[PDB]
């Protein structure tokens, strides 16, 4: 109604968000998020949502510099329009630190980078285990 979420997550818009510190590869993180109702690694569909997600993670801590979000490229470079959100939302907002199309052999998953105050996206090796943010409904 006035948007409430489960203990352990935060509301924004019509969604609940939760940061998990025990690191997982991109695929394992998204699968973990899917345990939740309409859950998936967070999709960032507006600058406003980007700022909110940023505030959610800013206090993670020195040990972590990258956090998984739900953007990946199933074409593994062969496409650079192969990127998509695991939630299947239309890619209507773009916040790359450096566009992957300017990178030779970029990572095929995207993470929020501490260098950009977690407001921008960095191509990253999908197999690396990182903390991650889930976006779901309650």
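Residue numbers count along the first chain shown, from 1.
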Gap between residue 79 and residue 80, counted in deposited residues with no coordinates, falls in the class 1 to 3
Of 124-132 and 14-22, the stretch with the higher mean C-alpha B-factor in the deposited entry is 14-22
With B-factors read from the PDB entry, the higher C-alpha mean of 89-97 and 40-48 is in 89-97
One of 34, 62, 111, 27 has the largest Cα B-factor in the entry, namely 62
Sorting the chain's modelled residues by C-alpha B-factor and splitting them into thirds places residue 71 in the lowest
